[PDB]
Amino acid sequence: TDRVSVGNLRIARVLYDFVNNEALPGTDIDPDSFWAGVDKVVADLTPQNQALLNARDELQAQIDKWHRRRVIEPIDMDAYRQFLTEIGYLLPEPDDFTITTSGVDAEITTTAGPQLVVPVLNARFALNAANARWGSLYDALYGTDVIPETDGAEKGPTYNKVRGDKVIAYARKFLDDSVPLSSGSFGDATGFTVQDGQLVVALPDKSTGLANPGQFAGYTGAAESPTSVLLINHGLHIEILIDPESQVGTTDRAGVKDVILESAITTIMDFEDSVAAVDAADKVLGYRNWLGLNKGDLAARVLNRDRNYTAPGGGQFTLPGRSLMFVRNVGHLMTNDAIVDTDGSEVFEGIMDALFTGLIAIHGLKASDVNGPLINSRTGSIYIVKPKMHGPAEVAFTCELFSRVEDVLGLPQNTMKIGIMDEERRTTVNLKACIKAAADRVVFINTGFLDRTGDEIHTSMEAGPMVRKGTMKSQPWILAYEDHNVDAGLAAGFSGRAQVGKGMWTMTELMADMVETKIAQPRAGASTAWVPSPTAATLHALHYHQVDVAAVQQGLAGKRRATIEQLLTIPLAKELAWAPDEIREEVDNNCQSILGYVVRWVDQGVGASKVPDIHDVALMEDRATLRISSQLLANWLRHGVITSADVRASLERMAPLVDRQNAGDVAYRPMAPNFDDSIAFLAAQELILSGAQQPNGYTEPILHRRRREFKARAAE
């Protein structure tokens, strides 16, 4: 082979080289000592890693048997709850505590606003996301359906003044709602000046300042004739750009060219569910991008620099031009043959990710010629989101892993902070303890609701048929799950200390709907929530101007809005819930969902994209959509809702539709009609028919295998 031997490990040459030639230089870490650390950490932590996975299996078998061993139709909750306690699934709740995590940037502790997640393997998207800290409100309004395309404001191949004027009006209104004038409206402004460190806004008949002069943060250009005016509200910046000479400015009553919102305050560069990375070459491509981001020299076109302003008084000052970056590592389950041992066994991927993404992150703490010019964390922290954990022992293990990595890296202990995903049932019902296990490292918790639903289905697979996928988002268990997560964070002292986050808006083209409905998230006390794009970050930023999250959080303090019984309410369908046409509809829906995603993943190594659903609505989901759909169909198969012929026929009907939906794609290769020849189609089928047998319903073992199979076929 072409592997490098280091103790018990045999490292893929492409990885070894990348680390030696690209990652290590500038860190001052001894290369032979680094690799020695890797071998040691992998040797030391692998058994515990394996033990935790086996414990998941042990637990699930007992739940399976408990369900199968009874006939009693409605679930006896008292008995169910004491059973879960007995087997160590439901652990005792620790006493009240407050997190002690320190050295955390203000973007995480304090500022509430949109959080962007992007696939790290896409250099363009990662670059765009990093730059999405600031975004044009006008572009976001003009370019989406937030402004209706009425029989008067329809987007053409060129600028529509009717549409533009509506964009302007909408933004003027946002200004009045967010930074009110002491009298009158921004809609009647005729100019801006800075007089005696005070913002002066010219009306037709008077001048006025702001109701709160403190919202005035600064300006650019001459105070007599500002080029722009900087404002602030709920910790987020708003910039009014002034340019009468501009295409839009000339039509504007105050010469305003645009309104810029501070949008994506933080971004998560994702190595997990939004990417397809099944071997060393794929991991390296991701590691190299994360490196470029942390050095500040990634280009594909370049990262933005910080923003220069003049304080109201006259001093200069500067603001971050880039989103503060987290990285999301893979979780505890998978191995990757990037490194194998002597036996040829693959090394745990989560362990590797912590070592390599952690090493790379050192560059984001420095600014030089070898380290690149750009800084990520000014406070000295590295932010790692850790997905798919099941319970406090698994959280503890990640923290011990980070400690071991810190030692290998020569970093202070607790440099490596943890963003805890609450997306598995055993974490949900033990959340307070999971937080305690990371009490000196935790910088967020977040409800990963799609993975969570997949776990919900798989955990109770033997209980009975589940409700339909669309119904899941309004079931009692998930609404309690959402409220419980906020309760736990706040009680652990997250306000002012750590983010409380909610899930991804997936309908990329439904921006009107997003602006209308996603406001529920900060209203529920989430200091952040996920958006899929810079445009969506800008629009979701509107919500944080309308909702005072800090005040909302203050008011939820001390309240306990979900019981353990509510969390434990399994989403079983009532008897005779569905007509046969509705059953067929749900099957087709889920099969299309699986095919649509699996085809891009297996054939093109794409893990996130705009996939049209069965009704051609554009969704940008990640691998979790596969977990839910495959588990639901497996559940329906298992309890006799549908037959194996039903499933095959739906896959066979949905496949040509998926093909057609991908018609504008040069590299696309159709699944229909030779289904046994399509690795993609068979992967889809395998996810379903083997669904009930996958550990906690996880799709990676099958997906990875099938993607590796596709790459191997392609290589000849």
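We call the rigid core whatever largest set of C-alpha positions still superposes within 1.5 Å between the two forms. Numbers for residues come from their place in the sequence shown, where the first is 1.
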Do the Cα atoms of 151 to 159 or of 408 to 416 sit farther, on average, from the shown structure in 6 other deposited structures of this protein when the rigid core is superposed? 151 to 159
Taking the root mean square of C-alpha distances over all structures and residues in 6 other deposited structures of this protein, with a rigid core superposition, name the larger of 187 to 195 and 360 to 368. 360 to 368
Would you say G501 is missing from a third or more of the other compared entries? no
What about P74, is it left unmodelled in a third or more of the other PDB entries we looked at? yes
How many missing residues of the deposited sequence lie between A300 and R301 in the entry, grouped as none, 1 to 3, 4 to 9, or 10 or more? 10 or more
Going by the entry, of stretches 419 to 427 and 178 to 186 the one with greater average Cα B-factor is 178 to 186
Avg C-alpha B-factor, entry values, 485 to 493 vs 302 to 310, higher side is 302 to 310
Identity of residue with top Cα B-factor, from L203, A512, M504, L333: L203
Just to confirm, going by the entry's C-alpha B-factors, which of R253, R328, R404, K610 comes out highest? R253
Taking the values exactly as deposited, rank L261 by C-alpha B-factor within its chain and report the matching third: lowest, middle or highest. lowest
Tertile call for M671 (CA temperature factor, within chain, third-based) is the highest
Taking the entry's C-alpha B-factors for this chain, is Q546 in the lowest, middle or highest third? middle
Mind checking which third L116 falls in for C-alpha B-factor across the chain? lowest
Where the record places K518 (Cα B-factor, split into thirds across the chain): lowest
